[PDB]
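Where a number appears in this text, it was derived from the coordinates with a stated rule and is not lab data. For neighbour counting, all protein chains shown are included, and Cβ atoms are generated from backbone atoms with ideal geometry for every residue, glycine included.
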Amino acid sequence: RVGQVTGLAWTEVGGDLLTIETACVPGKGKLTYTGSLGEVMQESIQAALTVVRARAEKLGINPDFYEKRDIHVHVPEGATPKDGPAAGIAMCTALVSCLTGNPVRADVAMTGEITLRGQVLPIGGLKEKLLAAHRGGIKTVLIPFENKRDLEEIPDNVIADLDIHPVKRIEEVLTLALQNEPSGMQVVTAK
Amino acid sequence: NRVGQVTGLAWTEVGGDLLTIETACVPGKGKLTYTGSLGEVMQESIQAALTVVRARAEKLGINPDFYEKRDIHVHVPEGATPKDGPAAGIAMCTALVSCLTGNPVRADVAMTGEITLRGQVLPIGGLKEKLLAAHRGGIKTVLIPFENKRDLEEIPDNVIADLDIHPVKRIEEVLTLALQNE
Amino acid sequence: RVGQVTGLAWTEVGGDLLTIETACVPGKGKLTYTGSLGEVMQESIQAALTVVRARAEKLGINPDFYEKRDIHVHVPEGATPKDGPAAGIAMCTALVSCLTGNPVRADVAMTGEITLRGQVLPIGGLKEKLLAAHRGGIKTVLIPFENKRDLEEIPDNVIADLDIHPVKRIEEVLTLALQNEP
Amino acid sequence: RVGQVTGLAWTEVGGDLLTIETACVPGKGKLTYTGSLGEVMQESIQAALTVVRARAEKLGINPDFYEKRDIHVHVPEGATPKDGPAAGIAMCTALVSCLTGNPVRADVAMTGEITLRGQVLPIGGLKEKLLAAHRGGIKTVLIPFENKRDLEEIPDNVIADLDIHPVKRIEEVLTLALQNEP
Amino acid sequence: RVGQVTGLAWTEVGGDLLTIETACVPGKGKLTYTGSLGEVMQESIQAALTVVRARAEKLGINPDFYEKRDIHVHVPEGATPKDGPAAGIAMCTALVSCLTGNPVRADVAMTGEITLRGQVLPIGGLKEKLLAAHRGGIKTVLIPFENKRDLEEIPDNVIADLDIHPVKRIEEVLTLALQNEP
Amino acid sequence: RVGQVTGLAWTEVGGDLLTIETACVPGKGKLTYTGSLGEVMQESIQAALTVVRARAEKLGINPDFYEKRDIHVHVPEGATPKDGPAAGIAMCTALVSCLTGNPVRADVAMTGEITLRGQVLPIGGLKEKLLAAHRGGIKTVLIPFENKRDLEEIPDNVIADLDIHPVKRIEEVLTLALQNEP
């Protein structure tokens, strides 16, 4: 799906999984975000968007086009309170996909705090996040490189059904989550 | 006549029930306003409904730039009744499509369901009380989310007898069923 | 010019007579509303303006008047809290009068909740309102159609002194309350 | 004396007197009101300003002043909370004076609530206001006509050196308060 | 493009020595204020600005400086809550200094509330303020004319060491505080 | 590298090493501050921002940047509350870096309240801030000149390892923090 990403982050009912949605429609450069989102999660969307815009050239988003779009990120179920920083890289991925028409890869989830520099910072509650992904039949989860330590204390039955890809930067997350290569143009070389 | 109207079933502090969702779309400059003693969740459902229409504007027969040329006012009477939740979403989407196209809505049809940006219809809570309101209100046909079908067993036989309940998965089905012309 | 209508609506000390004032001078589209107005009454003014906007051409108003008018709705006494939806039809009438220069009738008061579609919904406290009109020497009162039931309990002399007209729709209100044609 | 008017209105310390000040310099139509003003007094300013706009042509003011002048109302002492509607006719007078160069008259004070139609409505605590006028060497006081009967329960000596003019309409206030025929 | 004055005004610590800063960088008329300022102090900034604007021609400031400058008034220490009207004459001084390039004499501190007419009104806590100027090594202090009596209850040993200039109007403050005659 | 500064400031636990980020992409002047920042810290960003504007020309910065760029200051970790004025010089450094493309030295940490005139004011918690820098591998720390006295009671081993540069003004800060001469 274009603009749809599965994040793992905190909701009232524990650190469940989140179905993030995004729309990029004819407009005037307005950003709106909804889904009973707490302050910290809101700010993660703002950080995620700035990350995209700072990388517009590499990702092929023209500023002309971007200022003629409104963006709405919505996170159903609408009434469920969600919060925290851990959907950061999912917001970013969703927004790149939304702006470029680049479909998100099926059966991937991701968790991690985004920074303006593109670094994926570690999150809390990896146990229950991975539990939620397993429960949902997710096949591949992207997690912060720096949470690799936390995999040890997770039951090996859940670990077995999940393909875990620890990531350090947003460029890697995008290559792992989107169908087409989001950064640059493709050069073929032969030896 | 730039005002769409649709019978919704949604939560109210006087026991969540039958409401008319209204949506006007007069000449303007792309301002959204919403009224009716709405809680935050319901307010956000209006945003989501709008976005569904804006994204599907061509497939729906609406000018894709309609939003620069129109003001949108969504109102949910009765005006003093505190109301909330996502269950009016598909009614808001329908009202807005009606308002912009001139296609009237069937007054004998009511609807309940959370809408997503992807045009899917998600399940709601308190289906009993919703369907009770549709029954008491003399509504003929109710659209409910497909995932609320299992909830239909707890509904009293006489309400199931009275009401033609059509479960829906997508906004497409909603519009086909609720709008008079297409 | 200055639009001026007598409504019956809730104040801190109960339902009472309110002088609703409107000014609509050349401008850029600003809406201001004052009078120690609670949020519900504020929303009723928004609803009333939308009704007018949606009927602009039928009413003979340039449909882009909102681009070139500022509108100030004010409800004295300034210090007295007021609230609820029952001035809706008065607000609409005041707006129409001001924007068309069609003066409001002498000795008419009105109570009733407006909706964007133009249906007039019933209000509470009709007895207190009708008593206030009667004490104030008002000759004609427009009430919502679904308040006909509340007339039984009104003192007989009050019913006899007042000309009471139940209305279903805003068009009826404008025809009865405005001095000229519409 | 231009744009400077003595109002009589409520302050947190009493019904004290108010030195209302105004500035109106070329700009984009900014409106600023300061002086620890409560919501009701702020609302009286908006009412006063709409009355001026509605009458701009008859008062010698260019009606585009809303877009060509920045207006600042300020009521020292800055930290003293002030509120209520009773400075309404003082605000209207201040604004007219500021916008036409017409100085207010020495030793005049005024109290009265303003309506959009220009009627002056009665106020409370008249005795305290007249006392503040007396202690302030005010020789002429404008008051609402409906406060005439309140002059009875005020004593002989706190009035005998005050020239009290009960007024019904804003025109009368402006004629009495300003130096040149408005 | 940064003016600097030492004021004496109320802080959460007490009415102390305070560096009031103002920048006036090229721009399009935005006003920015920071320094943990309470609402009364913010309003004193608005009065100060209006005073400078009303007198721009006299002072040698280009008219329409408010079209072409952004103004930022900051009062360190950033975390210390401050409030009241007493920095008013210091804000005026800083703004005139920023706009004209006329440096402020660092041997001068000042306190006083400013009115739109340029009058200086008396302030509170004179004792604390003059003690903090003395402790701070300030030679000269400007105070409201009406605060003269208050000197009599401040230790004579402190007051003997201060060159105190009681002032009625903003012109007197600008002549005393600005290095070059404005 | 560019638009990235290591600060020492206040934090809900008490550690104090802060990773300050900035971006300044093409836009229309929007300003966004995130990272759970308290109001005093946000004001320090506004102060820092005006410092850059005042000096834009000297720093090679296009003075149009304030309406031509969108500036985002973010301080992870996103969830951790942060406040106080002690990141002011860091915020200024981060902003200058971003707008010039001049990389910040990764071996430098800093702490210091900033003023509109560019002076660096003393902060609190020096002992805890320096211990954070000692533990965290930083080689050079910029501290306000007036905190020199606080080094006396900090343990020798935490300071023996650090190159501590006490600074009075932002110009020093920028020379020592940035890779290429500002």
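Report, in debye and to the nearest 20, how large the dipole of the stretch E:1-179 comes out about its Cα centre when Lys and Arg carry +1 and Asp and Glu carry -1 on their Cβ.
Working: 19 positive and 23 negative charges, 136 e Å.
The calculated dipole for the stretch E:1-179 is roughly 660 debye.
Proximity of backbone amide H atoms, modeled 1.01 Å from N, is registered between E:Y33 and E:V73 at under 5 Å, excluding neighbours fewer than 5 places apart on the same chain. Using a/c under 1.5 as the rounded threshold, could you call the stretch B:61-150 rounded, prolate or oblate? The axes a ≥ b ≥ c are square roots of the C-alpha gyration tensor eigenvalues, and prolate needs a/b larger than b/c, oblate otherwise. Because a/c hits 1.5 or more and a/b exceeds b/c, the stretch B:61-150 counts as prolate. Residue-wise HN-Hα couplings along the stretch A:166-173, as the Karplus relation 6.51 cos²θ - 1.76 cosθ + 1.60 with θ = phi - 60° gives them from phi, are x, 10, 10, 9, 5, 5, 5, 5 Hz; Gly and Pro carry x.
Near the amide H of E:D16, within less than 5 Å, lie the amide hydrogens of E:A9, E:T11, all on another chain or at least 5 residues away, with H placed in the peptide plane. Taking only the alpha-carbon positions of the stretch C:14-111 and ignoring solvent, what does the Debye formula give for the base-10 log of I(q)/I(0) at q = 0.11, 0.18, 0.22 Å⁻¹? Relative scattering, expressed as log10 I(q)/I(0), comes to -0.30, -0.81, -1.19.
Where a ≥ b ≥ c are the square roots of the eigenvalues of the C-alpha gyration tensor, would you call the stretch C:113-182 rounded, which needs a/c under 1.5, or, failing that, prolate if a/b is larger than b/c, or oblate? Cα axes put the stretch C:113-182 in the oblate bin. Net charge in the neighbourhood of A:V13 (other residues with Cβ under 15 Å of its Cβ; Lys, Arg +1, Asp, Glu -1) is -2. For the Cα trace of the protein assembly as shown, dividing Rg by the Kirkwood Rh returns an Rg/Rh value of 1.00.
Shielding of peptide F:66-76 by partners, expressed as the average count of other chain Cβ atoms within 10 Å per residue Cβ, is 4. Per-residue mean of foreign Cβ neighbours for E:39-45 is 4 (Cβ atoms of other chains, 10 Å radius). For chain A, the equivalent ellipsoid derived from the alpha-carbon gyration tensor has semi-axes of 26, 21, 14 Å in decreasing order.
Within the shell defined by Cβ-Cβ distances under 9 Å, the residues around F:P63 carry a net charge of -1, with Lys and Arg each +1 and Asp and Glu each -1. The residue list D:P166, F:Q119, B:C99 was ranked by how far each Cα lies along the charge dipole of the protein assembly as shown toward its positive end, using unit charges on Cβ atoms, and B:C99 comes out on top. For chain F, relative contact order (Cα pairs under 8 Å, six or more residues apart, normalised by length) works out to 26 percent. Counting only Cβ charges, +1 for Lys and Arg and -1 for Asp and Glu, the dipole size of chain A around its Cα centre is about 680 debye.
Using the Karplus relation 6.51 cos²θ - 1.76 cosθ + 1.60 with θ = phi - 60°, the per-residue 3J(HN,Hα) values for the stretch B:78-85 come to 6, x, 9, 8, x, 9, 6, x Hz, with x marking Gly and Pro.
Which FRET efficiency value, to the nearest 0.05, is calculated for C:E146 and B:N1 with the Förster distance at 25 angstrom and r the Cβ-Cβ distance?
The calculated FRET efficiency here is 0.55.
Annotation for the stretch D:136-156 versus the stretch D:1-26: alpha-carbon center distance of 19 Å. With 18 Å as the limit on Cα-Cα distance, the pairs of B:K31/F:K68; B:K31/C:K68; B:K83/C:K127; B:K29/E:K30; D:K30/E:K82; B:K29/D:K68 that go past it are B:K31/F:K68; B:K83/C:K127; B:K29/E:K30; D:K30/E:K82; B:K29/D:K68.
For the stretch A:1-139, the number of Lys pairs with C-alpha atoms closer than 24 Å, counting only pairs eight or more positions apart or on separate chains, is 11. Shape class of the stretch A:151-191 from the alpha-carbon gyration tensor: prolate, with a/c at 1.5 or above and a/b greater than b/c.
With R₀ fixed at 56 Å, the C-beta to C-beta distance from E:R105 to A:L176 puts the FRET efficiency at about 0.30. With the charge dipole of chain A set up from +1 on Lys and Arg Cβ and -1 on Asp and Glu Cβ about the Cα centre, the Cα lying farthest toward the positive end among the listed residues A:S183, A:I164, A:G7 is that of A:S183. Compute the FRET efficiency between F:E12 and E:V158 as 1/(1 + (r/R0)^6), taking r as their Cβ-Cβ distance and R0 = 45 Å, and round to the nearest 0.05. It comes out at approximately 0.55. Each other residue within a Cβ distance under 14 Å of F:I114 adds +1 if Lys or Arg and -1 if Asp or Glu, for a net charge of -2. Derived scalar couplings between HN and Hα for the stretch A:3-16 equal x, 10, 9, 9, x, 10, 7, 7, 10, 3, 3, x, x, 3 Hz in order, rounded to whole Hz, by the Karplus curve 6.51 cos²θ - 1.76 cosθ + 1.60 (θ = phi - 60°), x for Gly and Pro. Across chain E, counting alpha-carbon atoms alone, Rg and Dmax equal 15.2, 49 Å.
Put the Cα centre of the stretch B:75-106 next to the Cα centre of the stretch A:140-188 and the gap is 42 Å. Taking every DSSP helix (H) stretch of at least 4 residues in the protein assembly as shown, weighting each as -39,500 (n - 2.57) and dividing the sum by the residue count yields a mean residue ellipticity at 222 nm of -9000 deg cm²/dmol.
Compared with the rule-of-thumb size 2.2 N^0.38 Å for a compact globular protein, the stretch B:1-104 has a Cα radius of gyration ratio of 1.00. Simple spin-label estimate for D:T175 and E:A54 gives 3.0 nm between the two label positions (7 Å along the Cα-to-Cβ direction from each Cα).
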